[PDB]
Amino acid sequence: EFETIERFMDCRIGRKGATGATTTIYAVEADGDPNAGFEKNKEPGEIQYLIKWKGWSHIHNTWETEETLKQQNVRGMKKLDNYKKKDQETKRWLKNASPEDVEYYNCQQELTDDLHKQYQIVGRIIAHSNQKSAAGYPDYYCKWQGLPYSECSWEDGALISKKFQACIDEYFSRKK
Amino acid sequence: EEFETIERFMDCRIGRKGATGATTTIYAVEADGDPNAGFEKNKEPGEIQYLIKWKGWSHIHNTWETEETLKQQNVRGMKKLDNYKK
Amino acid sequence: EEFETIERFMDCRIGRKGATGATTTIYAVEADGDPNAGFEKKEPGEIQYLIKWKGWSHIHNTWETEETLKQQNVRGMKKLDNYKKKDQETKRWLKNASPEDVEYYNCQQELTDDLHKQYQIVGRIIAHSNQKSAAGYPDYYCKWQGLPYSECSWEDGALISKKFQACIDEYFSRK
Ligand SMILES: COc1cc2c(N(C)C3CCN(C(C)=O)CC3)nc(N3CCCCCCCC3)nc2cc1OCCCN1CCCCC1
Ligand SMILES: COc1cc2c(N(C)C3CCN(C(C)=O)CC3)nc(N3CCCCCCCC3)nc2cc1OCCCN1CCCCC1
Ligand SMILES: [Cl-]
Ligand SMILES: [Cl-]
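Chains as they are written, first to last, in the authors' numbering: chain A, 12 to 187; chain C, 11 to 96; chain B, 12 to 52, 54 to 187.
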């Protein structure tokens, strides 16, 4: 019925309207980053968030504003309050911080950042649909890098060939 | 005629209606995909099927099968079906 | 009217009848022992899950059964269905997977279960309370291994000092 929020993945200041379906990685690749030429300079922006939608997989992460979360009558809005609360607590005990703490925080906080971006490439395909679409695509059973095998999904076969045809090739070639 | 025999009841399931038959042996499901694919009880194909292990065939031939479909094929040994139910 | 709340399912296992509860947190078993110690079957089994609680840092992961989750009105049962299914489905698929596929599944599950085993290691204490306890222990704000900085948690100084004194120390040897 209504969307739900599972995790808040990152935060950012970005172009006004760089929120919504058009901000997923496979739209930005197939269409273009609405948030393209942004230095935070040259252009006033907005606080946008990176949402991991309940039900859907880490590839459908879209960026939204507080407004669009409310405008979309989405569930999980308390999660929005906590993410903002613990962000203020984290900025607090890093204002009085030795330079080597900022070294740690920025080194670390950037490892999790990669690890998160890897949750979107497909580690191996595992199955496919009997049914095909009008356009002639099965749907695929993807395993995602970093995420365990219980983080697998039935993914659009038209969708994943655009970036992982090679992973589709090796599924079929490990039969004959 | 020439009937099939139900050897063991391997597993239970709530599967898309139709996701039964010879389309549920591995070597099909690997060649064509699965008729059940990604089925949640959200969609209401809803039906209860059984991985039936057959007599005189290795386990790679097992199939998911309804009461409906077992009785259509007049399989033997429906005595263990309801036994399985109870 | 204070119930608990399943956050994420981390692991099932067959386990000694009654090897559940907070006697199962990692820090309990080091203290005393493992309730599921030396199990085989000899012994009535059971099907026990490792829950990550909403509210609590990963140290507090406890193995539980579908019973003791309901028995304690634990909220988030819908997520135990979506997981029992996702397990049966993937066990069927081990019935007939090619050894290659089965070996990939062993590499990538042994890796996974590690990164999980370290969400319980502290890589940095970065604050302490202004308030000690009976025993001279502040609570400590931990940075966790694997996790981001939005998983940091105020945690019993007493408890953390029992396995990560080195970290509270280097904390103070910089202030
Ligand atoms: C929960 O609602 C939805 C979400 C869907 C979704 N997600 C999860 C994004 C996150 C939330 N979004 C915001 C904030 O703007 C929109 C997009 N992606 C997708 N594709 C998925 C395939 C990838 C191939 C690229 C092209 C397609 C995109 N299909 C979604 C469908 C959703 O149900 C629509 C109602 C029922 N349907 C179901 C099937 C189609 C029509 C009837
Ligand atoms: C059920 O909520 C809780 C949980 C607590 C918890 N966890 C994560 C439980 C472990 C075992 N579980 C089961 C089902 O077996 C579930 C969760 N650990 C801990 N310690 C953490 C401290 C140091 C460690 C050793 C000292 C014991 C352990 N204190 C918990 C406390 C919980 O509330 C009670 C606090 C109430 N407030 C709120 C109102 C105002 C008064 C104070
Ligand atoms: Cl993970
Ligand atoms: Cl993480």
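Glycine included, every Cβ here is placed at the ideal spot set by N, Cα and C.
The three-state reading of DSSP puts B:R136 in strand, counting E and B together. Applying a distance threshold of 6 Å between residue Cβ atoms and the heavy atoms of ligand 2 selects B:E15, B:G32, B:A33, B:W65, B:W68, B:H72, B:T74, B:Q84, B:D168, B:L171, given in chain order. Interface criterion not met: the Cβ of A:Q59 is under 9 Å from no Cβ in chain B.
Inclusion of A:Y60 and A:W74 in the CB contact set at 9 Å is warranted, their separation being smaller than that value.
Taking a C-beta distance under 9 Å as the contact criterion, B:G57 and B:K97 do not qualify as a contact pair. Not a single heavy atom of ligand 3 lies less than 8 Å from the C-beta of B:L106. With a contact defined as Cβ atoms closer than 8 Å, B:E15 and B:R104 miss out at about 32 Å. Counting only heavy atoms of ligand 3, the residues whose C-beta sits closer than 7 Å to one of them are, along the chain, A:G157, A:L158, A:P159, B:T124, B:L127, B:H128. Under the three-state reduction of DSSP, A:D42 is assigned to coil, being neither helix nor strand. Contacts with chain B at 9 Å (Cβ-Cβ) do not include A:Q99.
In terms of Cα proximity to B:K82, the closest of B:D93, B:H72, B:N73 is B:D93.
Using a CB distance below 7 Å, the part of the region 139-158 of chain A facing chain C consists of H139, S140, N141, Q142, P149, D150, ordered along the chain. Shown here, A:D180 sits in a helix according to DSSP, grouped into three states. Between the C-alpha atoms of B:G169 and A:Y152 there is a straight-line separation of about 45 Å. Straight through space, the alpha carbons of B:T31 and B:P46 are spaced by roughly 8 Å. In the structure shown, the three-state DSSP call for C:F19 is strand.
Taking a beta-carbon distance threshold of 9 Å, C:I62 does not count as an interface residue toward chain B. Every alpha helix (DSSP H) of 4 residues or more that sits fully in the region 55-106 of chain B is shown, in chain order, as 78-82.
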